[PDB]
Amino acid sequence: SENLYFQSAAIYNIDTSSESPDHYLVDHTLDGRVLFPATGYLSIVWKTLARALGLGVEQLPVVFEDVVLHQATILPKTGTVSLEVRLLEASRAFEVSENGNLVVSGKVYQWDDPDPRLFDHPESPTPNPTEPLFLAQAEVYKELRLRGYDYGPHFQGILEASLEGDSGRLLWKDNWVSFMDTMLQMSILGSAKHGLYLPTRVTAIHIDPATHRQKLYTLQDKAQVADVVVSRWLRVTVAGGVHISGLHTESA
């Protein structure tokens, strides 16, 4: 036999029913299907590394590298989806599978020397050359809906965004999956491509929970928010303590 060994593994049984803590996932609909979000895979891999290290995720700065999404995961209206995460033996590589089929691959590891400066927002050489006209929340999600990205309330975290989709303000509700998804939504917002494009690859993602808590601010209505910047030129989306580099999307 060809034998493959894993230093640790975990299984996450996902239930989208009304009373489930994962009910929020029903608000992530793309081309009329409820898709488990790419950032949900990041969350369960992060939780698996945290378990292997004996840490809480909120105390675990983490790096993902060379993430590849091999297929989409449909969440049915009724039943449960079981996603398995495996950490490869003597390696930083990980796999996510469903019913044995590979869904995600990549490398994941504890970030030993978190650099708060990584989360500084990138700056152009000169200010904005055309006058920026901010779009409100409902306008943002209209535009997204028209192109096939149907986000219900739990995934509507973009409160405002620039006309070019290069800056905005994201809600924080102590949910890493939806926060990080709204960073990907911002990356999509300013794209000129037509139709539904879904993430297939991400070169690197850095998360530092301490820097995140510092970068959050509170609005007069007590909502917590973080500012987001997208540089398509630099292949970078940054918000709070999350830095996403080299997002690639493909027609779906």
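Note that residue numbering begins at 1 and tracks the sequence as displayed.
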| property | result |
| --- | --- |
| Entry-level comparison of average CA B-factors, 240-248 and 15-23, reporting the higher stretch | 15-23 |
| Stretch exceeding the other in mean C-alpha B-factor - 193-201, 64-72 | 193-201 |
| From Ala52, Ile44, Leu35, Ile188, residue of greatest CA B-factor | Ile188 |
| Out of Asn175, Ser162, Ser97, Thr182, highest CA B-factor residue | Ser162 |
| Lowest, middle or highest third - CA B-factor, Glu131 | highest |
| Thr48 CA temperature factor, ranked by third within the chain | lowest |
| Entry-reported Cα temperature factor of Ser105, expressed as the chain third it lands in | lowest |
| Assigned third (lowest, middle, highest) for the C-alpha B factor of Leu83 | lowest |
| Assigned third (lowest, middle, highest) for the C-alpha B factor of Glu123 | highest |
